C-alpha cells in the first residue's frame, strides 16, 4: 500500500482526462474543459490508486482515481476548487 510520486507524462494526463470526463457525467460542477494535470501526482499500489491535481476550465481540482489492472478505472472523488500545491 505504498505511495510514490509519478511524473506528469501522457499516462498521468489521461488520468486527468478520465477524471474530468467522469466528473462531467456526475454534473457536480457543470461542464468542465480539461486543461492539464500538474505536479505532484501520487500513485499507491494495491491494481493502483492515484491522487492528482487537474486543471479544468481554468480551476484547480483534486481527483482520487482507482484502477483495476485486469478488468476498469474508477473515479472515487473529485473536489475543488483547491489551493495550488
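Numbering follows the first chain given and starts at 1.
Asker: Please classify the coordinate gap between residue 71 and residue 72 in terms of deposited residues: none, 1 to 3, 4 to 9, or 10 or more.
Answerer: Gap between residue 71 and residue 72: 1 to 3 residues without coordinates.
Asker: Counting only residues that lack coordinates, how big is the gap in the deposited sequence between residue 46 and residue 47? Pick none, 1 to 3, 4 to 9 or 10 or more.
Answerer: In the record, 4 to 9 residues between residue 46 and residue 47 lack coordinates.
Asker: If you average the CA temperature factors over each stretch, which comes out higher, 7-15 or 72-80?
Answerer: Comparing 7-15 with 72-80, the higher average CA B-factor belongs to 72-80.
Asker: If you take the mean CA temperature factor per stretch, which one wins between 25-33 and 50-58?
Answerer: Stretch with the higher mean C-alpha B-factor: 25-33.
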